[PDB]
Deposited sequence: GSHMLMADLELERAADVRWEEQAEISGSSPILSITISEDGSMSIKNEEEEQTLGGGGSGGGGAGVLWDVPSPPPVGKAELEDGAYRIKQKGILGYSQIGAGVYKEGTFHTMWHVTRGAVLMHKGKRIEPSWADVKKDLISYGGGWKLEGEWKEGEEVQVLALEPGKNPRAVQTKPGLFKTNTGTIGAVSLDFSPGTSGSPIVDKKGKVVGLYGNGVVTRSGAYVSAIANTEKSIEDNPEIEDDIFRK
């Protein structure tokens, strides 16, 4: 059994003094890490909202997560959408405007969380237009929350559904 733990990185809030363009228990953004022979390694990032932990399916792979002294366990997942919810139903209902700029709360493995302001690329699909946020970030940054102006989470770094 892999030893997967989550660690709180910071609060999830829109950053006003944020850098624009592209230079590349408790609510918040958590690093997802598993213990190794050398030490922990960061495989993903997760969002804690309304007592439910949201992350990419590929990061967790369905494995049980250790938070504090309590084991937090999966409730729902979608392998096609690469989404997994722990302890409750999916709580992130936030949608992108389709025109407004967004901030990515990045969590590079071994780097301070930073907010980066960027405009997602818009591409058509059979299920309706979608916004793509792609930047030069490590794989361990996967699941990093993408927030709108209101500060709600509109996507996870990996893919940003837009409703208008």
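A.B. asks: Where along the deposited sequence are residues missing from the model?
C.D. replies: Coordinates drop out over 1-5, 30-79, 214-226, 233-247.
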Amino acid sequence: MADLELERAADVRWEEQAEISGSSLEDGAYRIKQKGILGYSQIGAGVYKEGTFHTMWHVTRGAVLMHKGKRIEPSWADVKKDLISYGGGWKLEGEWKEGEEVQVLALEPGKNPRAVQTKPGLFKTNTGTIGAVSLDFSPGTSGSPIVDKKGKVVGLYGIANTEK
From here on, numbers count along this sequence of modelled residues.
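Rigid core (definition): largest C-alpha set, two forms, superposition within 1.5 Å.
A.B. asks: Is the larger C-alpha RMS shift in 4 other deposited structures of this protein, relative to this form with the rigid core superposed, found in 46-54 or in 96-104?
C.D. replies: Between the two stretches, 96-104 moves farther in 4 other deposited structures of this protein.
A.B. asks: May I ask which stretch, 134-142 or 27-35, sits farther from the shown form in 4 other deposited structures of this protein once every structure is superposed on the core, judging by RMS CA distance?
C.D. replies: Taking the RMS over all superposed structures in 4 other deposited structures of this protein, 134-142 lies farther out.
A.B. asks: Which has the higher mean CA temperature factor in the PDB entry, 63-71 or 108-116?
C.D. replies: Here the higher of the two C-alpha B-factor means belongs to 63-71.
A.B. asks: Once you work out the mean C-alpha B-factor for both 46-54 and 94-102 from the entry, which is higher?
C.D. replies: According to the PDB entry, the answer is 94-102.
A.B. asks: Comparing recorded Cα B-factors across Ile32, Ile37, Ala29, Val133, which one is largest?
C.D. replies: Comparing C-alpha B-factors across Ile32, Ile37, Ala29, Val133, the maximum falls on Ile37.
A.B. asks: Could you look up the Cα B-factor of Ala2 in the entry and say which third of the chain it sits in: lowest, middle or highest?
C.D. replies: Tercile = highest for this residue's CA B-factor.
A.B. asks: Within this chain, which third does the Cα B-factor at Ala9 fall in: lowest, middle or highest?
C.D. replies: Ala9: CA B-factor falls in the middle third of its chain.
A.B. asks: With respect to C-alpha B-factor, does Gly22 fall in the lowest, middle or highest third of the chain as deposited?
C.D. replies: As the PDB entry reports it, the C-alpha B-factor of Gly22 lands in the highest third of its chain.
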